[PDB]
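This document opens with one chain alone, in structure tokens, the form deposited in one PDB entry.
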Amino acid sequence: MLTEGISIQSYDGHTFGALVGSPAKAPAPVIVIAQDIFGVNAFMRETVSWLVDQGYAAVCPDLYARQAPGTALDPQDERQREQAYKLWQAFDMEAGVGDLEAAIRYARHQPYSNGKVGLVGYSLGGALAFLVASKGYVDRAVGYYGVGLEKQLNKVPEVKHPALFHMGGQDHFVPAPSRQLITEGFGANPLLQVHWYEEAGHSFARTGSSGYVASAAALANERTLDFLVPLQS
């Protein structure tokens, strides 16, 4: 689901929609939320609500608009998971980064904006959060269970603003060898933080996921909110 009327334009001209929430107290910092492979769906709506309840505005752009605008898939439905994996395999990461950079620029000057912008992404969106952090588009970036970060480690020195990553120690998208590479690589730049939640796997911060772990979700979420609060006025 998206907010009707909201349109954002990327550098290459492509336009896309977004789900937006603004807090009752504004101006406020704005968090761009990078979706997972299911599009702007119920958990993205929950993420917008969670951030708005904490005093932020939030913008979750339709990153699948270059393939199938408005795609919003149910992670409990097997056929819709298959569709999500197929869209993910065809997803253009570089265009996704550019669409997030356009949503970040948009987020700097809306009626509710205080001018500061953060980014929070989940899985596909956590990989995109690291790429965006390597470009410097945002003030602060956060990735939950980003996939494939061990293949992007040459970008560690390019991160020049803080970026926080929450990883499950039982997430087999990030097996022991990958966890060691990321831990060693990220450790060279103090602007990066990566925490490992040893009793949690993938999607551990989504309440309806089979991977949900309330203690790890709560610790990671409070660390995300502590990390974003400097953006507040």
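Quick note: we count residues from 1 along the sequence shown, nothing fancier. Only the largest set of C-alpha atoms that superpose within 1.5 Å between the two forms is called the rigid core. Shifts are known only where both forms have a C-alpha.
(request) Between 183 to 191 and 57 to 65, name whichever shows the higher mean Cα B factor according to the PDB entry. (result) Averaged over C-alpha atoms, the B-factors run higher in 183 to 191.
(message) Going by the mean C-alpha B-factor recorded in the entry, which is higher: 145 to 153 or 122 to 130?
(response) That would be 145 to 153.
(request) Identify, among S215, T224, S10, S209, the residue whose C-alpha carries the highest B-factor in the deposited PDB entry. (result) Each of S215, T224, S10, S209 was compared by C-alpha B-factor; the highest is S10.
(message) Per the entry's Cα B factor values, which of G96, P162, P75, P111 stands out as the maximum?
(response) When the deposited C-alpha B-factors of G96, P162, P75, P111 are compared, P111 is largest.
(message) Quick check for you: using the entry's CA B-factors within this chain, is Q80 in the lowest, middle or highest third?
(response) Bottom third by C-alpha B-factor.
(request) Within this chain's modelled residues, let me know which third the CA B factor of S178 belongs to: lowest, middle or highest. (result) Highest third - that is where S178 ends up once the chain's C-alpha B-factors are sorted.
(request) Within this chain's modelled residues, let me know which third the CA B factor of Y106 belongs to: lowest, middle or highest. (result) Within its chain, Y106 is a middle-third residue by C-alpha B-factor, going by the deposited values.
(message) Using the temperature factors of the C-alpha atoms in this entry, rank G39 within its chain: lowest, middle or highest third.
(response) Ranked within chain, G39 CA B lands in the lowest tercile.
(request) Check where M167 lands among this chain's C-alpha B-factors and tell me if it's the lowest, middle or highest third. (result) Within its chain, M167 is a lowest-third residue by C-alpha B-factor, going by the deposited values.
The same protein has a further form, the form deposited in another entry, not shown here; the description that follows concerns it.
(request) Would you mind telling me which residue of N41, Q54, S178, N189 shifts its Cα by 2 Å or more between the shown form and the other one when the core is superposed? (result) One residue passes the 2 Å cut-off, namely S178.
(request) Since the Cα separation of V174 and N154 moves by 3 Å or more in the other form, tell me which way: closer or farther than here. (result) Relative to this form, farther apart in the other form.
(request) Kindly indicate if, in the other form, the C-alpha atoms of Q89 and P177 are closer or farther apart than in the structure shown, bearing in mind the change is 3 Å or more. (result) It is closer: the C-alpha separation of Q89 and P177 falls by at least 3 Å in the other form.
(request) Note down every stretch of 3+ consecutive residues with C-alpha shifts of 2 Å or more between the shown form and the other one, superposition done on the rigid core, in sequence order. (result) Core-superposed, just one run shifting 2 Å or more comes out: 171 to 179.
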